[PDB]
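Residue-level structural notes
Residue-level listing of the chains:
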Amino acid sequence: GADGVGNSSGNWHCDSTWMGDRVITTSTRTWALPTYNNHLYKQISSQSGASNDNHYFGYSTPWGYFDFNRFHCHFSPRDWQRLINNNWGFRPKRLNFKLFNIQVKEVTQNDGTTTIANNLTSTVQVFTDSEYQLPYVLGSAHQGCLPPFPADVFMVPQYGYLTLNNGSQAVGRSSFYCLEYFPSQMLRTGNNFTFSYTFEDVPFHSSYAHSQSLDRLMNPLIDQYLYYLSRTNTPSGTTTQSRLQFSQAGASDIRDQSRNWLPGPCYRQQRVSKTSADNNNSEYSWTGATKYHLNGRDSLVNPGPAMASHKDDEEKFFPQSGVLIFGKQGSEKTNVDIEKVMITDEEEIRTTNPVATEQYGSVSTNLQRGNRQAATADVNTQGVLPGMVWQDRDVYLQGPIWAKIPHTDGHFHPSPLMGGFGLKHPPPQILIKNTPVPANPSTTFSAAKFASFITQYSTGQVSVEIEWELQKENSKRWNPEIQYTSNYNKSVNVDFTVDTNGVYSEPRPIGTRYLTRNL
Amino acid sequence: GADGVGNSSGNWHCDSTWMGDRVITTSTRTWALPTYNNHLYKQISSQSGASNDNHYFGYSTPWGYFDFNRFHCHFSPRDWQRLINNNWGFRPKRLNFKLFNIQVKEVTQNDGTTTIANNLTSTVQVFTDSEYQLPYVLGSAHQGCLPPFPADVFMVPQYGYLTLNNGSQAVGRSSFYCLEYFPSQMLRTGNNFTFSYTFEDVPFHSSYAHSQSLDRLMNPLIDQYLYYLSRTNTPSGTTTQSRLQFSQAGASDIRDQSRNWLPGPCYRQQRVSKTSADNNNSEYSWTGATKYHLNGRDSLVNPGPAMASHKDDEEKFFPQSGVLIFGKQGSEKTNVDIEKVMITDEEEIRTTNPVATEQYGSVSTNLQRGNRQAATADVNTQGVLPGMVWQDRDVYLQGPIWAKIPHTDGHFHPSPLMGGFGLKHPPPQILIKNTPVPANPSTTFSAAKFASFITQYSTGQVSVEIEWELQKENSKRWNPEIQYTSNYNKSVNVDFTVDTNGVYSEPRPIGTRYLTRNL
Amino acid sequence: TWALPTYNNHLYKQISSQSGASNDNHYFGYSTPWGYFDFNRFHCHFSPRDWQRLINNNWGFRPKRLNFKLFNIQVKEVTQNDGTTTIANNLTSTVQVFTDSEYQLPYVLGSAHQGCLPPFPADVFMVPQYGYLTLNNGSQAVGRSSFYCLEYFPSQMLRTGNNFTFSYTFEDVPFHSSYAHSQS
Amino acid sequence: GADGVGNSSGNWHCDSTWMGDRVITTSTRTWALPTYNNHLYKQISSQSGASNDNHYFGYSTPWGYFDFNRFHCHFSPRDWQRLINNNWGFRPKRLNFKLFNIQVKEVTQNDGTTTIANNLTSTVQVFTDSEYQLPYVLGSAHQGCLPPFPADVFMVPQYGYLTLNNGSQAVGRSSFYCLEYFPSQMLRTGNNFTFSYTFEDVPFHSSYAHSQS
């Protein structure tokens, strides 16, 4: 804190710089914090009637929180292009955070019109847990981000959490956390708040696409010295007899060649098309879904393991849940049409990961003999076999930056499914509250709890700064790369700009992988 | 060794201390060592008639060995409760071992009654391999532990080993080890023996249970910004037509929400019930078992991969082999009833690992089209997919502490299946023998091998000390934890105490995980 | 977080029992405008979980030392004009606080009255009024009964930006016994 | 412990001296220790039929114990008379204790007559709790004192204890103590044992009678 009431508690830094190695990003927004719940905790549970897998049990706090998990908070559409086109990889070294210029208003509903006036003595209290002692809500891809466009004002979302349940009823192991029981900093008008954070080592995200499929690793000019079994039986006469022949695989085959590697694992998806006439007429939405079954209830697998989507020369098809889906500007919550959503497309992983809608391969069912013919079956699911390789999912732009690895005895390969950077100790949650002000107590002592409070809210500015590390590309490719370009044709509205009514919108999803590497 | 015959070679430390960080444990027992095999090695094989998977080939040595692999050796029932209730994790830093007060008796069977007298000149010889050159028998959960109750006397078990076989016949690669070909220390009455050992780094065992299921990671109060496909077709008229709608998943669904993680892998089990009337009438014991097939013979998977057992609000069911089973005091070897065994229950892993008796999930079989409806199948088995998490099995109390990782080119996540700590260099085996004494050779030279020896046995005391490291809990949970408590009601006998005949017994299994953490 | 009303309209009053009453129900005393803070109860200082390190893990405990303070004082004035009240800051108003520490007042604490700090940290509570009793005969005072004016102590007058602190040290006291005996 | 098997582990001090201020007393006895219970603990309870106030619940250990709680152990009838006639008060400042010359015999019941022979390799194990962690049996005025007359030989009594009961049945708070779970010193033939102790301040006992009512 500092001097106040007529002295600002901070300026607007809010700029982006590029040092040739690392990137430094800063952004600033204006927020408004209501009082939630009327200053009291409440338990919340699902409805009486409900599906067995829709039940939940939890609590809802008066507190509220700041979240920037999304890139578009930290990157303009132009700054995003110093990154994509020019770089193979990037990772989040370090960040910095602060709040300033806090001011608290009180409102009076007298008569039919409200009035709003400053309360200079009121306070706001803020803390960051940083010991990871609370349930961690971030990384679930909720709403309430800092707006992508710097001039908008946003509303701070409410905080809540869930724990173990049986039906709609709690179990004995379920925990209840009172946020009032942490140390926090009470901020009056002239006071300000700061903290800084340091990311743990994490591998770079890969913004390259491969220039070679795992099918073809070799030169066609030279034959292998290994043999495979080419032909099972021979035409000895008008009737064939069994004779085993062997061959060496050259450029005329290439399906029969020996290899050191296999594609990544798969957990299979249903296929649907964007053309409405192609798809079947029924509800398969839930029945045809791919699911995992945990403790007697089923849960859809929305992102799934990373897989190529539409195969080759079919754009029309995408896996049912297998992809991320973003909404356009101003889309309603429920039952919205096809042209309102923006469906992501991942074709860049064809070279390693298998297509989401097709089988991994085929495997031999039985042992052949003289009188019993061979047989085989398609394998729809694979775990990880020694000697396989894969890629991860794009981070895109408006998608999530990081997620927290659960605390467990084992985990295989931490990278999270939606995208981005798995962290064992991610950026800590920041929680904020309006301190309650009692209103006009009775003259005689009571001992009952106060039901009456002054109605008030607060507002101010918030600033975030992150340092990013870059991985440059060095490549001998002769011919030019594919780049991200805005169309040069004329239009009614420019892309990624405000319209005539002052509404900022994002036309399309933008993925991170354009530049090409060889496998 | 030291001065002897009238001077003791050691005292009894045998105590437990708690330093606030690490635990130090000591225990002392009295043992008796017979001579086995009549001082000679023998090969042993399975019976002539036998199942193809019951064959074995091996050897049986005169030597015998000390094993403490079990916690109840090192922990009383009370000492076990500063650990469980007060701590999140513990691991075995260091240990210490010694033998002392050796005395050797010789017995004469003359007439119809034996007499037993000291032999002061006889010796006992002891060694520890420590280079891991012998077959390692420990970790197979055999009998012969130090007794749990300090006042009992125990018998030292015989040592043997198995190697490659074909049928009941040996192969050419099978190895034969003569324990006489190691250096050993010959201990006479006044002599004593010691060595110490240091555990390699191993991750803490997790004595917490999770307060959140992997289903629910998020706050119900806020909607996601991601979309899923809610409804496949639309009622355009008395007949429906295909139209794709999308939706955002809030608290009213939660089965459709996007997630960054998946449950652990599964290899499925058959389900049985404790109520006798429920189960089917037949022998499915072997036929309905889950098995793995190695070199043309089948082997039951007794512990299996770690899984939750009875699901939710069904206690009555447990997986067929999927759990550990302990016997009560004085239970016979074969065909014992249901109320004699103590069946362990693992419900604490529901939040991550899937139930042992149910499928992992469902996967799409085929590609839909206009005229072909969607279809899907249940997946009964999963390997490890990137981005899954799981937990390990409880160590309990009377179960095994550690096991030795096999020496191999690769192994995934070493932790062993029964429970406890996988070690690449575990505590070395200690082997002990009675030195043979010839009896009255003939007056004329023979050159035949001696068939006649003095009949004798030895006894003494043994002491073990282990240092344990503790991991304290720091938690903001408001409401109280579940703890382990002995019932306060009156009873004929107290639990974990001797009866009226002086027989110590353990009433129930005690697992290590009570205190709760958030996922 | 607390809220302090003005009691009695800024004046002392003597109080006595009712005219008709049982001989053992009579009392004589005074009621002050002042009000007081009391935490005499454990649930103020211990959550239900923190209470379980103590019980399960320990034979005895005693209160070595304590520390106390008040901060973020703000004073509101209310206007009853018409049918609806309005409430606004008075920035120049003060609040005055003292601790006797010489044990010169009647000591009300330890009688297990209401008005503790709430057990749950998010609640707001109301500061209770202070009063005391002295010798009586029937409903009438005796000559030895004493009258204490709290205005006659030194106190600290706290305006909006001011704060208050003091600390205290317990005298030696034997541990409380949280064991039960295993032998009769 | 020390050298043994042909070397004594201690002498007989066993004397009384008077310094004009403080008294120093010493006494020595010979003991015999049987094995009790056949090397195992047993719970013990009262009989089925019994009065409500005669019920008890407890355990009986294989262990046995030394007790001198009685003056006649430490005072002859003559030494008792400097004290009484010549003094107003006395209190127990300090004590010292030891065991020595341990020898272990083994017995064979063969035929109709027993034989008894030395076992030189056998041991005896002794400890003192000193942290007061066991039930304290002493001070209940049981039998088994060191004899008053120095030439007698005595038998070491068995140890046992009681805890909470309801009827003849145990309650949940009742405790079970295994004496094997203490550190102890294992004494072979040539070994010996010692410890010393210091009394806390206690007021003198009053050996005067009043000359005024």
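Along every chain, residue numbers run from 1 in sequence order, not necessarily as the entry numbers them; residues that have no coordinates are omitted. Each chain takes a letter, starting from A, and each ligand takes a number, starting from 1, following the order in which they are written. Here the displayed chains are drawn from a larger assembly, and the quantities reported describe the displayed chains exclusively. To obtain the side-chain values, all non-hydrogen atoms of the structure were used and water was disregarded.

This deposited entry lists cryo-EM as its structure determination method and 2.94 Å as its resolution.

Within the PDB entry, the label attached to chain C reads Capsid protein VP1, and the organism entered is adeno-associated virus 2. As recorded in the PDB, this entry has the title "Cryo-EM Structure of empty AAV2 capsid".

As recorded by the PDB entry, chain A carries the name Capsid protein VP1 and is attributed to adeno-associated virus 2. UniProt positions are given in the numbering used here, feature names are shortened, and annotations may be inferred rather than shown by experiment. In the Sequence similarities part of its UniProt record, chain A is described as follows: "Belongs to the parvoviridae capsid protein family."

With respect to the pattern of salt bridges
Residue and element names in this part refer to chain B. Each salt bridge in this description consists of a side-chain nitrogen of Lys or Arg and a carboxyl oxygen of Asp or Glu lying within 4 Å of one another. Considering all chains together, one arrives at 34 salt bridges over all chains under this definition. The salt bridge involving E347 is made with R350; its shortest N-O contact spans 3.2 Å. The classification of residues rests on relative accessible area computed with a 1.4 Å probe and restricted to protein chains. Under 20% of the type maximum is buried, over 50% is exposed, and intermediate values are partly exposed. Here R350 falls in the buried class, since its relative accessible area comes to 17%.

Brief notes about empty space enclosed by the protein
Empty space among the atoms can be located by rolling a probe the size of a water molecule over them. Note on definitions: the grid is 1 Å and covers protein atoms alone; a cavity is a set of points where a 1.4 Å probe fits but cannot get out; a pocket is an open set with protein on both sides within 12 Å along at least five of seven lines; lining residues have an atom within 4 Å of a point. Grid points are joined across faces, edges and corners, and a volume is the space filled by probe spheres set on the points. The tally for this structure, following the rule as stated, stands at 15 cavities of 30 Å³ or more. If you add up the space inside the largest cavity, you get close to 230 Å³. If you go around the largest cavity, you meet 17 residues; those closest to its centre are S140 and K404 of chain A together with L217, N260 and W261 of chain B. When its residues are assigned to classes, the lining of the largest cavity shows eleven nonpolar, four polar and two charged. The computed volume of the second largest cavity comes to approximately 110 Å³. The wall of the second largest cavity is formed by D67, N69, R70, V137, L138, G139, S140, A141, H142, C145 and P400 of chain A together with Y225 of chain B. Across the lining of the second largest cavity, the residue classes tally to six nonpolar, four polar and two charged. Note on residue classes: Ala, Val, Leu, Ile, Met, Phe, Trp, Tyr, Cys and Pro are nonpolar, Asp, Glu, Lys and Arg are charged, and everything else, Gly too, is polar.

What to know about the relation of the copies chain A and chain B
Here the copies share a frame obtained from least-squares fitting of C-alpha atoms. Between the two copies, chain A and chain B, the superposition gives an RMSD of 0.0 Å; the rotation angle is 120° and the shift along the axis is 0.0 Å. Considering both components of the superposition, the chain copies are consistent with a three-fold axis. No C-alpha of chain A lies nearer the rotation axis than that of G383 of chain A, which sits 2.3 Å from it. Contacts are assigned to residue pairs with any non-hydrogen atoms lying within 4.5 Å of each other. The two copies present different faces, since only 5% of the interface residues in chain A are matched by interface residues at the equivalent positions in chain B.

Some thoughts on the state of the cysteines
When two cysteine sulfur atoms are found within 2.5 Å, that pair is recorded as a disulfide. Taken as a whole and assessed by the stated rule, the structure comprises zero disulfides over all chains. In this structure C145 of chain B is a free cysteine whose sulfur lies 4.7 Å from that of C73 of chain B, the closest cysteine sulfur available. Overall, the relative accessible area of 17% leaves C145 of chain B in the buried class. The thiol of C266 of chain B is not disulfide-bonded; the next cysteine sulfur, from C266 of chain A, is found 15 Å away. The exposure class assigned to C266 of chain B is buried, which follows from its relative accessible area of 3%.

Observations regarding the nonpolar core
Grouped together as the largest cluster of nonpolar side chains are 70 residues, with contacts concentrated most on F66 and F97 of chain A. Each helix is a run of DSSP H or I of at least 4 residues and each strand a run of E of at least 2, with the numbering of both proceeding from the N terminus. Take this core: its biggest share by element is six residues, from strand β5 (residues 87–108) of chain A. Setting aside residues up to four positions removed in sequence, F97 of chain A forms contacts with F66, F68, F193, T194, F195, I430, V462, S463 and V464 of chain A. Among the nonpolar cores identified, the runner-up in size contains 63 residues, and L99, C145 and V156 of chain B together with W63 of chain D belong to it. Residues enter a nonpolar core if they are buried and are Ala, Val, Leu, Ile, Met, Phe, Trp, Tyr or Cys, with the set joined through side-chain atoms within 4.5 Å.

Quick word on the interface of chain A and chain B
Taken together, the contact pairs 112 residues of chain A with 102 residues of chain B. Accessible surface is computed with a 1.4 Å probe, and the buried area is the amount of it that two parts give up when combined, taken over both parts together. When the two sides are added together, the surface that chain A and chain B hide from each other amounts to roughly 10,000 Å², 52% of it contributed by carbon and sulfur. Seen at the junction of chain A and chain B, the total is three salt bridges. One salt bridge in this structure joins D53 of chain A and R255 of chain B, with 3.6 Å as the shortest N-O distance. Polar contacts, as counted here, are pairs of nitrogen or oxygen atoms within 3.5 Å of one another; within protein the pair requires one atom able to donate a hydrogen and one able to accept it, and residues that are adjacent in sequence qualify only if both atoms are side-chain atoms. Joining chain A to chain B, the criterion identifies 61 residue pairs in polar contact. The greatest single-element share of the side of chain A that touches chain B, amounting to six residues, is contributed by strand β9 (residues 158–163) of chain A. In the side of chain A that touches chain B, the residues fall into 48 nonpolar, 49 polar and 15 charged.

Quick notes on the sheet that holds strand β19 (residues 291–294) of chain A
The four strands are arranged β20(A)-β19(A)-β24(B)-β25(B) in an open sheet whose pairing can be described as antiparallel. Taken across any chain shown, the strands that pair with only one partner, and hence form the sheet edges, are β20 (297–300) of chain A together with β25 (376–379) of chain B. Ignoring which end each strand starts from, the neighbouring axes of this sheet average 25° apart. Any two strands with at least two DSSP-identified bridges between them are counted as paired. Helix axes use the C-alpha atoms of the stretch in contact, all axes being lines fitted to C-alpha atoms, and the angles between their N-to-C directions lie in the range 0 to 180 degrees.

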